[PDB]
Structure formats: structure tokens, C-alpha cells
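Asker: Based on what follows, work out the 3D shape:
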Amino acid sequence: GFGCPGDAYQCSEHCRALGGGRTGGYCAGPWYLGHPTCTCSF
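Answerer: Numbering: from 1, shown residues only. Dropping the coordinates below:
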């Protein structure tokens, strides 16, 4: 979700919105499909 898999920028905006301490986020996922899971970074 949040643009991913496909766009990491929307994933980053989603993570930044969850808290300003987060500078962004990256996309990862389960043992199946692509990268649907946004995981946030500081």
C-alpha cells in the first residue's frame, strides 16, 4: 500500500506523517507478492 510496490516516495510520505521523527520509509514484503509493506525509517 501507500504507493508500494511501485513508488517509495508515497511510502516515505506516509511514514513521515506517522511522526516527524521519521525521515522516511522503505518498502518490503512477505514471502509472497512484491513489496506491499511500508516499513518506516528515522
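
Asker: where along the protein do the helices fall?
Answerer: 8-18 (DSSP state H).

Asker: Pairing partners for the spatially most central residue of the chain in the sheet, please.
Answerer: Centroid check for the chain by CA atoms, centre = their mean gives residue 38 as the closest residue, at 3.0 Å. Beta-bridge pairing for residue 38 (DSSP bridges): residue 27.

Asker: That one touches residue 15, doesn't it?
Answerer: Yes - with contact defined as CB atoms under 8 Å, residue 38 reaches residue 15; the gap is 6.3 Å. Where C-beta positions appear, they are placed from N, C-alpha and C, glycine not excepted.

Asker: contacting residues for the closest residue in space to residue 39 that isn't next to it in sequence?
Answerer: Excluding the flanking residues, the one nearest residue 39 by CB to CB, 6 or more residues apart in numbering is residue 28, at 5.3 Å. Shown in contact with residue 28 (CB atoms under 8 Å, 6 or more residues apart in numbering): 35, 37, 39.

Asker: ok, now residue 5?
Answerer: Here residue 5 is in contact with 27, 29, 33, 34, 35, 36 (CB under 8 Å, 6+ apart).

Asker: Next: residue 34.
Answerer: Residue 34 neighbours (CB under 8 Å, 6+ apart): residue 5.

Asker: Please tell me how far it sits from residue 20.
Answerer: Between residue 34 and residue 20 the computed distance is 28 Å (CB to CB, to the nearest Å).

Asker: Check residue 6 too.
Answerer: 25 Å.

Asker: Who has more neighbours out of these two?
Answerer: A direct count of neighbours by other CB atoms under 10 Å for residue 6 and residue 20 places residue 6 higher, at 12 against 7.

Asker: What's the PyMOL line that selects buried ones from the contacts of residue 5?
Answerer: A single PyMOL command selects the buried members of the contacts of residue 5 (16 or more other CB atoms under 10 Å):
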select buried, resi 27+35
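
Asker: any idea which of the contacts of residue 5 is closest to residue 1?
Answerer: residue 36 (6.1 Å; CB to CB).
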